[PDB]
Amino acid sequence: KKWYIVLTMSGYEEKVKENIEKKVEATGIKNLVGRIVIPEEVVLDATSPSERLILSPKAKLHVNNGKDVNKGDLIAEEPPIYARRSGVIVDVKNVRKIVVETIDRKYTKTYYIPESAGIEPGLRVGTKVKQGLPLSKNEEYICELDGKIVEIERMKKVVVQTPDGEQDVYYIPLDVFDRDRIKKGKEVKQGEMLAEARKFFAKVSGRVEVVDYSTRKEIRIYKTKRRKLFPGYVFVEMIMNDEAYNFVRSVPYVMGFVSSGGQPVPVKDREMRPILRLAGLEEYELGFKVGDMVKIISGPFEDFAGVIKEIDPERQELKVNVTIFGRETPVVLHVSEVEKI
């Protein structure tokens, strides 16, 4: 029913959590121990993306800058495609979409090379291209702009023709192409879904960074590292009495509790709050120099004093030393989360 710190040897925290969890299982005593937390700090650990997903500007994102995700999470969703006007399909054509990002950055060049023109072998995401270099195995469709491919995708070009003769062009991603809905000669109606929505899941675990442009959205996922904030501490939620005490105290590798005199001290609310926030167990809201005293104003460690120790501009990051549990503790955070006092 309350938080207590269990002492272990530095670097044995995880074993103690497992042991405790097992003892609970092998024992059937399930009313003593609740949640068990080993406060870790997730830091960036990648010089560049481990996934870069490129998406339409109309892509619903289920993530957001700074967010941390696991290898299977839904990170985005592309809406369905709808016929803008009524008419008949007059052409359906296999077409490769090749999106080139140029050194002049900022916005991208999309190409559509008819499959019947042979897509050049050797073209992949990451491939450098220069002007004059063909993209098609034959003539036509030459690259007009030096850059790199950031997306290549098979599609169907669907041309719907209105009764008076005008035309709408849609590019259907192949994997959602629907042979019975989408075929030359078929009547489409305004509002008709020509293709379903698409989902997207993290190919990798890490921290997301999204670019939100009018030209396109991106999700980038970077490999992160985890660092135990307090070696030798295990925070365990538990009723505290003889039985609970002895129950956890006698776990292998459990060395004791943090306690003044007798029965162990339940962590002060103020000191536990960062633990909880780091644990995702609570849902929460200029010229700095090394050695500067600052106040954390946001985040897990909100309301804590600190000392700048490391500064990382062009990332607007700070490593500041904070005292919790009378322990000097380096925490990473954004400049937007501190004040210079």
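Start at 1 and count along the sequence shown; that's the residue number.
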Margin query: Missing residues between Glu285 and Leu286 in the deposited sequence, please: none, 1 to 3, 4 to 9, or 10 or more.
Written below: 4 to 9
Notebook entry, point to check: As stated in the PDB record, which stretch has the larger average Cα B-factor, 189 to 197 or 135 to 143?
Noted result: 135 to 143
Check: Between 199 to 207 and 116 to 124, which has the higher average C-alpha B-factor in the PDB entry?
Finding: 116 to 124
Check: Say you rank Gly165, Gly87, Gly262, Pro252 by Cα B-factor from the PDB entry; which sits at the top?
Finding: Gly262
Next item on the list: Just grab whichever of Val99, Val236, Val176, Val129 has the top CA B-factor as deposited.
Entry: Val129
Next item on the list: Name the third of the chain's ranked CA B-factors that contains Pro49, choosing lowest, middle or highest.
Entry: highest
Next item on the list: Taking the chain's C-alpha temperature factors as the reference, tell me which third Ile341 falls into: lowest, middle or highest.
Entry: highest
Next item on the list: Pull the Cα B-factor of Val43 out of the PDB entry and bin it into the chain's lowest, middle or highest third.
Entry: highest
Note to self: Using the temperature factors of the C-alpha atoms in this entry, rank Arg273 within its chain: lowest, middle or highest third.
What the structure shows: middle
Checklist line | Third of the chain, ranked by Cα B-factor, where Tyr213 sits | finding: highest
